[PDB]
């Protein structure tokens, strides 16, 4: 069901997604161990993900949440990074993309910091790094993140370190 549309670097949509990716880089408490050492990215490509069935599944659930929460879906745009992104774009998020050992329980995790999701691109803790050089800080190999629309509804606020 899925098609990928390339955005031109001249397109304002390319530019605003690139800016959210670039401007939400931060330093991480692991000194780059999981995701590598960098202050910015070389964006090679931005593709829009189009799949009707997966979109309607999202908006159906969004309306339910919204009606249980005084007509407020509480929708955000958030990053997700994983070795399964090429599967998520084709079949959508499910049980297999959960973080069973995550600190808020076994669910699917999203970040406001792009560099946070970058830590999960090659696996939990960055896995063994890139497949070709086995380098978690590889500067040669191509990486991929998702920038996602996420419905939060009434969010349980967990304070945390």
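So that the term is clear: the rigid core is the largest set of C-alpha atoms that superpose within 1.5 Å between two forms. Positions refer to the first chain, counted from 1.
Core-fitted comparison in 9 other deposited structures of this protein shows that, between 92-100 and 107-115, the CA atoms farther from the shown form belong to 92-100. A summary of the deposited B-factors shows that, of 92-100 and 118-126, the stretch with the larger mean C-alpha value is 92-100. Taking only CA atoms, the mean B-factor in the PDB entry is higher for 23-31 than for the other of 23-31 and 108-116. Ranking 132, 49, 46, 65 by Cα temperature factor from the entry places 132 first.
Residue-level temperature factors show residue 160 in the highest third of its chain, judged at the C-alpha atom. Sort the modelled residues of the chain by CA B factor and residue 74 lands in the lowest third.
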